[PDB]
Amino acid sequence: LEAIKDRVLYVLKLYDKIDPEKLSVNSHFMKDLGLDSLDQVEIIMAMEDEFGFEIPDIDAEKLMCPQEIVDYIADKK
Amino acid sequence: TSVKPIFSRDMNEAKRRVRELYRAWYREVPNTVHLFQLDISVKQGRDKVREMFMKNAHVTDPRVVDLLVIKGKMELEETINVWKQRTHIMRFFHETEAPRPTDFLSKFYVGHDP
Amino acid sequence: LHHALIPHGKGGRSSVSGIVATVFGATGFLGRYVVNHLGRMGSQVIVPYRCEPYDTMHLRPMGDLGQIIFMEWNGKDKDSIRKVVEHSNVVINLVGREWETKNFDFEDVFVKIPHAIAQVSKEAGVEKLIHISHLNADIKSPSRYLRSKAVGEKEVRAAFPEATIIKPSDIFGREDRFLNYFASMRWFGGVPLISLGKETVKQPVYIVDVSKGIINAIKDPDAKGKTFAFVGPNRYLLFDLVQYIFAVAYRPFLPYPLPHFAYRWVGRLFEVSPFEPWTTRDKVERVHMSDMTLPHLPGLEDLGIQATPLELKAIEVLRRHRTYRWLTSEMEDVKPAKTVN
Amino acid sequence: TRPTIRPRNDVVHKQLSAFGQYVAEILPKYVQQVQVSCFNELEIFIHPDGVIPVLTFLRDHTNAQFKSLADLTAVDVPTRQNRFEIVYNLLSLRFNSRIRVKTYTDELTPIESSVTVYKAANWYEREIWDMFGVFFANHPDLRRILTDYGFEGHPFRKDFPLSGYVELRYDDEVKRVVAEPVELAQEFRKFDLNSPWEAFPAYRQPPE
Amino acid sequence: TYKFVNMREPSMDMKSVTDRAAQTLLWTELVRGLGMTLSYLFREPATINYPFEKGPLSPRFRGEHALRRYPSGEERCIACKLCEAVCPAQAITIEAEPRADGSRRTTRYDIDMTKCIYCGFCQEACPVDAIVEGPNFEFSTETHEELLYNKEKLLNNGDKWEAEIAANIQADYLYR
Amino acid sequence: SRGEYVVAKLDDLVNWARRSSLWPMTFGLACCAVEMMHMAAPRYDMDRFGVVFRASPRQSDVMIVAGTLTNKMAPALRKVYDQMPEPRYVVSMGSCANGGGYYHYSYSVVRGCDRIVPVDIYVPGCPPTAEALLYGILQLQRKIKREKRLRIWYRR
Ligand SMILES: CCCCCCCC/C=C\CCCCCCCC(=O)OC[C@H](COP(=O)(O)OCCN)OC(=O)CCCCCCC/C=C\CCCCCCCC
Ligand SMILES: NC(=O)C1=CN([C@@H]2O[C@H](COP(=O)(O)OP(=O)(O)OC[C@H]3O[C@@H](n4cnc5c(N)ncnc54)[C@H](OP(=O)(O)O)[C@@H]3O)[C@@H](O)[C@H]2O)C=CC1
Ligand SMILES: *P(=O)(O)OCC(C)(C)[C@H](O)C(=O)NCCC(=O)NCCSC(=O)CCCCCCCCCCCCC
Ligand code: SF4
Ligand code: SF4
Ligand code: SF4
C-alpha cells in the first residue's frame, strides 16, 4: 500500500492547480483543496492512466480523497 | 409532471452525462492534435475543452443540459471520424479575431457599439 | 480628417479604417504579412510592383473590392514614386534584398531608394512614414548590408523628420530566410559554424509580431518620429539555436567548425549564381554577427505587443523540412533550447 | 364556362371526407382534427405521441395502403407555444391517393422517430433536426446533414437572420480558411410589400 | 398502358444457338460498334470556327444590360424603381432627385453584374423600355471591380449597342 | 541588346506553350458546369484550342471555378488549388463564383471565390454561354501572352 500511496501522491503533485505543500493523503479535493467536479474527473483520468485500469463513473464518485483513491486501487488489486 | 424529458430525468443524471462527455473529450485532445497536425499544445486543447464546457455552467434546466450534451457528442463524433478539417478545429480557437475592447472608454473611442 | 477618412464599421473586412497606405516592396515576406494585416483591418492599400503581375496574385484575396490597388513603379523613378504615393497618408518602406545584383546594389536598395521614397513622400504631404531597418545597423559594421542600412536610415531620418524607423532583429516564419537557411544545410553534409557557433548570440522575432508592431505603429499617435527595436523574448547562442532547429526538423545534426576565411570563400563561390543565391559573403557576416542590445529603444511590449517565443511557432516553419517518419510528431516532443539571459 | 377559375371535384371531396371520418373513428386516441382543403387534400392533426401508431396504421392498413413517404418537413411558427409543426406527406399507390399528417412540438420536446416505419425518414429527420432543432428520440444516426461542420444555430428557424452570423475567407497569415463575423458590403434591403387593404374577406379573422 | 423493356426470352433452336455461340466467340456486336464509330469518323464534324464563326442567337436573347434613349437623346428612365423592386437578386440600386429642369431622372443607377442572374425581369417591368438586356455576351473581365456597372457605364453600353438593341426590340415587341 | 533579344525570344517561346496547352482541372460545382460540358461538346470544341480536362490537380494548370462556392466546400477548393502546381490560373465563371450570384445574401454561401483564391479571369453570366466561356478562355490565353518573366528577371 505504501507504493500505491507514493504513486498517487506523485501523480497528484504533478497537477498544477494542487499545491504540494497543502496536499495530504486525507485532504478532501472539494473542501480542503477547493476544487470542483471537473478537476476531480481529470484527476481520476490521470489515475486511470497511471495504474492502467478503468474507473467507471460510479467508482469515480467515491474517490474524493487520496486515501479513498488508494483504498479503492488496493481493493481492485 | 407530464413534461417529457429528453434523457436522464433529474439533474444528477444530467450532470453524470456531462461528466461522461467531458471524459470523452479529454481523452481525445492528444489524438486530435496528432491526427490534424495542429500547432497547438495538448494542454491548450484541454484548456479550450474546459472553457467550452464552462461557458454553459449557468444552465439549470435538465432538458437543455441533455440537448447540449447531445450536440457536444455530435461534435465529438465529427472530430474522431476526421469529418472536420484543420479549419474547423482552429475555428474553435478564433486565432485571427481582432481583440474587441470591453472597457467603456475604448468602446466609445472606436465606434457606436453599446 | 477628410470625410472619406473617418473610421467606420466594427473593424472588419468591409469596414473603413481610415488608413490609406502605400506599401513599397509588398511582394515579399514582411510585405505580404503587412498587406494582409491592412486588408484585414479594411484599409486602402496601394501595392507598387516591379515584378510580373503573376507574382503579385497572392495579394488579391487580402482585401475587399476596391481596397487593393496594384500600380507599376520603378525604383529609380521619382515620377512613379510620386504617382504611387500621391493619395496615401501612410507610406511603408520594406524594400531590400540580401544580395547585390547587376543593376541594384546594397547602396542602391538601402540608401538611394529609401531616401528617394522619403523625399517624395514629404513632397506629397503624407502624414506617416514607416521605414524598416535592421537591428544591427552599424556605420562601420563588417557587413556592407548593415553599413548601407545605417546610411540609408540616417538619410531617411534627414529627409522625413517625422518618421518611424523599425529595427527588427531577425524574422522567422513560413517564408523566412532565417529558419529555412539554417534548416537547408542538410544537403551539404554537415553544418559549418564559425567557432562552432559558440560566440554568436541571437534573439529572433516573429513575423506576425513584427507585422502587428508595424500596424500598431501607424495607429499609435505618439510614435511619429521614433525608433523601435523589435526583438524576441529569448536570446539564443547560435550553436544551441541551430541544434534546436535540427531537433525540431528531426534531422541528423553534425556541426563542425569552419574557419572564417574558408567560409568567406564559400560564400564568394555561392554568390556567382545569376538567380537568387543560396548564400553570400555578407549573409555569412550577418549570421556570424551577434544581435546588438539596445535597451534604450522602445520595443514590442512598449507598442502593446507581447513577443511570441520561438518554441511556440518553430513547428509551423520546420514541419515542412521533416520526413514522412516524423511528420506527425507533436510540438511538445522536443524540449526547448537553452537560453542566454 | 369560367375559363379563369379552376374546376372543382365534389366526388373526390366527398371521398376524402368519408375517409377522414373513417380514420378519425378508427384512431380517436390521437387524431385531434380532420380537414379537407377546397382543392381536395386530406389533412389530419394528431397528438405528437401518436406519430408511430398513426403512421403504422396509414401504412399497413388494408383500406389505407400509404406505402410511400412523399415528404417530411417542419414549419416554424414563433407565435404558437409549440412552434415546430412536423408534416408528413403520404402516397397510397393502390388507391391512388395522398394524405397529410401534422403534429406539433417545440425546441425541447422530442418527437418519436419514424425510421421504423419509413426508411426515408432517416435523412428527412436528419434534415429536420439540422434545420430547426427538433430532436428525434430513437434515430439510427442523428447529426447534421446540410449545414457546415461545426455550424452553430439552426438556419430555418424564423428567428435566424438571413445572412447568418459568420462568414468565411482565406487568411494568408494562418494559411487556412478562417471564420469571421458577417459584414456585408451592401446590406440586404428589406421591402415592406404588404398592402394595407384586406384582400380576401373569406379568411377574415373575427375581432373576438 | 405499359411495356416490358427487358422480358424477351431467347430462342433455343439449333440455328439460334449456333448464332449466339458465334457471336460469343466471334465478337460480332463489338465489330458492329466499331463500324458505327468508323461511320461517325467518316461523317462531317459539327464544330464551328469560333471566333470567326458565331453560334446562332435569337432576338429575345438576354445578355449585357444597357440604358436606352429617346430619339431626341433624352434618357428613357424615369426612376420608377420597378426594376429595383422586381429584381430577384437585388442587383440594382437606384437613387433619384428632381433635375435642374424638374425632370424625374436618376442620379445613381448601379447594376452588380456579379450578383445579377440575367433573368430579364427588369426589362419586362420597365414601363418605358429604358433598361434592356442587350445582345452582347462577351464582356469578361480580369478584375472583379469592373463588373460593377453604374449609370455612366450602362449609358455607354446603350449608346454602343443602340442599333442592335433597337432592331431586336422591333423584331420582338409584338410578342410582348 | 543581345541579352534582351535572347530573353524576349525565350519568354515569348515559353508563354506560347502555356497559352497553346491548357489543362483545366475537372471541377464543376453547379449549373455553370453544364456549360463547361457544352464547351467540351462538338459545337464549341475546346480540345480544338489545346484545352483538355485533366482530373488530378497535380496535372492541371487552370481552375475553372464554375458554380456556387459554399462554406462547406470552400476548404476543399482551397486545398485543391494549393495542390495544383505553379504556374496556375483561375477563371471564375458565373455570378455565384464571381460574387454571390442569386444566393449572395445567404448564411452558407461564400460571396465570390476571389475571397479564397486569386482569380485571373471573370466570366459573367447565369450561366455564361459556351461562347462566353470560350471567349474567357481565349482572353486568359492572351493574358498569358503578355507575361514577361524572363524580361523582368533580366532587368531585375
Ligand atoms: C492481328 C490483330 C487482330 C485484331 C483483331 C481485332 C478484333 C476486334 C477488336 C475489338 C476487340 C477489343 C475488345 C474485346 C474485349 C472483349 C472480347 C471478349 O470478351 O472475348 C471473349 C469471349 C468470351 O467472353 P464472354 O462471352 O464475355 O464470357 C462471359 C459469358 N457470359 O470470347 C472469347 O473467348 C474469344 C476466344 C477466341 C475465339 C476462338 C474461336 C476459334 C476456335 C476454332 C479454331 C479451330 C482450330 C482447330 C480445329 C482444326 C480443324 C481441322
Ligand atoms: N527578413 C529578414 O531577414 C529581415 C529583414 N529586414 C528588412 O525588412 C525589409 C523586408 O524584408 P524581406 O521581406 O525579408 O525582404 P524580401 O526580399 O522578401 O522583399 C523585398 C521586397 O522589395 C522588392 N525589391 C527588391 N529590390 C527592389 C528594387 N531594386 N526596386 C524595387 N523593389 C525592390 C521586392 O520585389 P520584387 O520581387 O519585385 O523584386 C520585394 O517585394 C527589408 O528592408 C529588410 O532589410 C529586417 C530585419 C530582418
Ligand atoms: P461539478 O460537477 O461540480 O461542476 C460541473 C459544471 C462546472 C459543468 C457545472 O456545475 C454544471 O454541471 N452545470 C450545469 C449546466 C451544464 O450542464 N453545463 C455543461 C453543459 S455540457 C456542454 O456544454 C458540452 C459542450 C460541448 C463541448 C464542446 C467542445 C469544444 C472543444 C473543441 C475542441 C477544441 C480543442 C480540440
Ligand atoms: S436580369 Fe433579373 S437578376 Fe438581372 S438585373 Fe434584371 S431583374 Fe435583376
Ligand atoms: S423599370 Fe425602367 S423606368 Fe423604372 S426605374 Fe427601372 S430602368 Fe428606370
Ligand atoms: S451563376 Fe447561375 S447558372 Fe451559374 S451556378 Fe450560379 S445559379 Fe447556376
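Cβ atoms come from the backbone with ideal geometry, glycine included; neighbour counts cover every protein chain shown. All of the numbers you see were taken from the coordinates with simple rules; none came from a lab.
For the range E:124-155, give me each residue that is away from chain F (no Cβ under 14 Å), farther than 22 Å from residue F:96 by Cα and not hydrophobic (A, V, I, L, M, F, W, C).
Within the range E:124-155, E:124, E:127, E:129, E:151, E:152 qualify.
Restricted to the range C:99-130, and to residues that are part of a loop (DSSP other than H, G, I, E, B) and touching a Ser or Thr at 6+ places or on another chain (Cβ under 7 Å), which residue is farthest from the other protein chains (Cβ to nearest Cβ)?
Selected residue: C:126.
Residues in the range C:18-31 that are on the phi < 0 side of the Ramachandran plot and surrounded by fewer than 23 Cβ atoms within 10 Å (Cβ to Cβ): how many?
6
In the range E:112-150, what residues are over 18 Å from the mean Cα position of the chain (by Cα) and within 11 Å of ligand 5 (Cβ to nearest atom)?
Matches in the range E:112-150: E:125, E:126, E:127, E:128, E:129, E:130.
Are any residues in the range F:103-156 farther than 21 Å from residue F:28 by Cα and within 14 Å of chain D (Cβ to nearest Cβ), and if so, which ones?
Once the filter is applied, which keeps residues that are farther than 21 Å from residue F:28 by Cα and within 14 Å of chain D (Cβ to nearest Cβ), the range F:103-156 yields F:105, F:107.
May I ask you to verify whether residue C:121 is touching an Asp or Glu at 6+ places or on another chain (Cβ under 6 Å), under 25 Å from residue C:211 (Cβ atoms) and away from ligand 4 (no atom under 16 Å from the Cβ)?
no
Quick one: is residue F:7 out of contact with any strand residue (DSSP E or B) (no Cβ under 7 Å at 6 or more places or on another chain), in contact (Cβ under 8 Å) with a residue 60 or more places away in the chain, among the hydrophobic types (A, V, I, L, M, F, W, C) and within 30 Å of residue C:274 (Cβ to Cβ)?
Yes.
State which residue is nearest to ligand 3 (Cβ to nearest atom) when the search covers only the range E:72-86 and only residues that are closer than 13 Å to residue E:111 by Cβ and either in contact (Cβ under 8 Å) with a residue 60 or more places away in the chain or within 14 Å of another protein chain (Cβ to nearest Cβ) (or both).
E:84
When only residues in the range B:83-114 that are surrounded by fewer than 13 Cβ atoms within 10 Å (Cβ to Cβ) and under 19 Å from residue B:45 (Cα atoms) count, which is nearest to ligand 3 (Cβ to nearest atom)?
Among residues in the range B:83-114 that are surrounded by fewer than 13 Cβ atoms within 10 Å (Cβ to Cβ) and under 19 Å from residue B:45 (Cα atoms), the one nearest to ligand 3 (Cβ to nearest atom) is B:94.
Kindly provide the set of residues from the range D:156-184 that are of a type in the set (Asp, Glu) and not in a strand (DSSP E or B), ordered by number.
D:159, D:172, D:173, D:183
Are there any pairs with C-beta distances below 8 angstrom linking a residue in the range F:43-66 that is within 12 Å of chain E (Cβ to nearest Cβ) to a residue that is hydroxyl-bearing (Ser, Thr, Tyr) and crowded, with 19+ Cβ neighbours inside 10 Å, with the two at least 6 apart or on different chains, and if so which?
Partner pairs satisfying both residue conditions: F:44/E:50.
Let me confirm something: among F:93, F:84, F:46, F:63, which residue is within 13 Å of ligand 6 (Cβ to nearest atom) and either more than 16 Å from the chain's Cα centre (by Cα) or buried (at least 18 other Cβ atoms within 10 Å of the Cβ) (or both)?
F:93
Answer yes if at least one residue in the range A:43-50 is assigned to a loop (DSSP other than H, G, I, E, B) and either in contact with a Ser or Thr (Cβ under 7 Å, 6 or more places away or on another chain) or closer than 25 Å to residue B:30 by Cβ (or both), and no otherwise.
The answer is no, given that none of the residues of the range A:43-50 is assigned to a loop (DSSP other than H, G, I, E, B) and either in contact with a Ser or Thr (Cβ under 7 Å, 6 or more places away or on another chain) or closer than 25 Å to residue B:30 by Cβ (or both).
Quick grid of which residues meet (1) more than 9 Å from ligand 2 (Cβ to nearest atom); (2) touching a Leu at 6+ places or on another chain (Cβ under 7 Å); (3) touching a residue at least 24 places away in the same chain (Cβ under 8 Å); (4) under 15 Å from residue C:288 (Cα atoms):
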position: C:130; (1), (2), (3), (4): yes, no, yes, no
position: C:138; (1), (2), (3), (4): yes, yes, yes, yes
position: C:144; (1), (2), (3), (4): yes, no, yes, yes
position: C:148; (1), (2), (3), (4): yes, no, yes, no
position: C:155; (1), (2), (3), (4): yes, no, yes, no
position: C:160; (1), (2), (3), (4): yes, yes, yes, no
position: C:163; (1), (2), (3), (4): yes, yes, yes, no
position: C:167; (1), (2), (3), (4): no, yes, yes, no
position: C:172; (1), (2), (3), (4): no, yes, yes, no
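Output yes when any residue across the range F:77-86 is within 29 Å of residue E:54 (Cβ to Cβ) and more than 9 Å from every other protein chain (Cβ to nearest Cβ), and no when none is.
No: the range F:77-86 contains no residue that is within 29 Å of residue E:54 (Cβ to Cβ) and more than 9 Å from every other protein chain (Cβ to nearest Cβ).
Return only the number of the condition from (1) among the acidic types (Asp, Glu); (2) more than 14 Å from chain F (Cβ to nearest Cβ); (3) surrounded by 19 or more Cβ atoms within 10 Å (Cβ to Cβ); (4) touching a strand residue (DSSP E or B) at 6+ places or on another chain (Cβ under 7 Å) that residue D:167 does not satisfy.
Result: residue D:167 fails condition (2) only.
So, restricting to helices (runs of 4 or more DSSP H) that lie completely within the range B:2-114, which ones have at least 2 residues that are within 8 Å of another protein chain (Cβ to nearest Cβ)?
B:11-26, B:29-36, B:42-54, B:62-80, B:86-91
As an exercise: evaluate residue D:202 against (1) surrounded by fewer than 18 Cβ atoms within 10 Å (Cβ to Cβ); (2) within 14 Å of chain F (Cβ to nearest Cβ); (3) among the small types (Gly, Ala, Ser) and give the number of the one condition it does not meet.
Status for residue D:202: all satisfied but (2).
Somewhere in the range E:1-8, is a residue within 14 Å of chain F (Cβ to nearest Cβ), more than 10 Å from ligand 1 (Cβ to nearest atom) and either surrounded by 10 or more Cβ atoms within 10 Å (Cβ to Cβ) or of a type outside the set (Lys, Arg) (or both)?
Taking every residue of the range E:1-8 in turn, none turns out to be within 14 Å of chain F (Cβ to nearest Cβ), more than 10 Å from ligand 1 (Cβ to nearest atom) and either surrounded by 10 or more Cβ atoms within 10 Å (Cβ to Cβ) or of a type outside the set (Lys, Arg) (or both).
For (1) within 14 Å of chain D (Cβ to nearest Cβ); (2) in a helix (DSSP H, G or I); (3) on the phi > 0 side of the Ramachandran plot, each residue gets a yes or a no:
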position	(1), (2), (3)
C:189	no, no, yes
C:208	yes, yes, no
C:211	yes, yes, no
C:218	no, yes, no
C:221	no, no, no
C:224	no, no, no
C:234	no, no, no
C:240	no, yes, no
C:246	no, yes, no
